[PDB]
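First, one chain by itself: the form deposited in one PDB entry, in structure tokens.
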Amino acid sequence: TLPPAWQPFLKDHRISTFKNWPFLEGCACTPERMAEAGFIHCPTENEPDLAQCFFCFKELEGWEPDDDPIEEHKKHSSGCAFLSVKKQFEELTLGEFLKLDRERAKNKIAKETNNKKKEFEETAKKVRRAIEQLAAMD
């Protein structure tokens, strides 16, 4: 019907990921709302309320019932283009859609790159210290 890579652009798909979301009727951050804001549910053992924007890859936990998912996306990743998108999915032109998918691809890379950077810096701190320790023992 539509290729798996592109399904996260669809609100109905995003919604469907919220398998066991705790915040339901009565709350500001319902699945309908989380999905409208671009969030995929992707919980861990560690933080089972974990949610990620499919477009800018910002990850957010510690959700509270009165949290407006849009306000939170705006606050925590103000530069996310998905926020600027006013048209519905079917109303986009292919050029527009393709322009968007490229941005997302670039965002995914930037996220992966920033992760590798932080892990590498961590590995470098361990190595440096170990060598200093040997120099200290000297």
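From 1 onward, residues are counted along the sequence shown. Each form is matched to the other, and the largest set of C-alpha atoms that superpose within 1.5 Å is called the rigid core. Residues that one form lacks are left out of the comparison.
Which is higher in the entry, the mean Cα B factor of 26-34 or that of 43-51?
Comparing 43-51 with 26-34, the higher mean C-alpha B-factor belongs to 43-51.
Give the stretch, out of 59-67 and 95-103, with the larger mean C-alpha temperature factor in the deposited entry.
Looking at the recorded C-alpha B-factors, 59-67 comes out higher on average.
Third assignment of residue 19 from its chain's C-alpha B-factors:
It falls in the top third of the chain.
CA B-factor ranking of residue 88, expressed as a third of its chain
Residue 88: CA B-factor falls in the highest third of its chain.
What follows is about the form deposited in another entry, which we do not show.
How about residue 122 - superposed on the rigid core, does its CA move between the shown form and the other one by 2 Å or more?
Where the cores coincide, residue 122 still shows a C-alpha shift between the shown form and the other one that is 2 Å or more.
Just the runs, please: which groups of three or more residues in a row shift their CA by 2 Å or more between the shown form and the other one on the core?
CA shift run, sole hit: 121-136.
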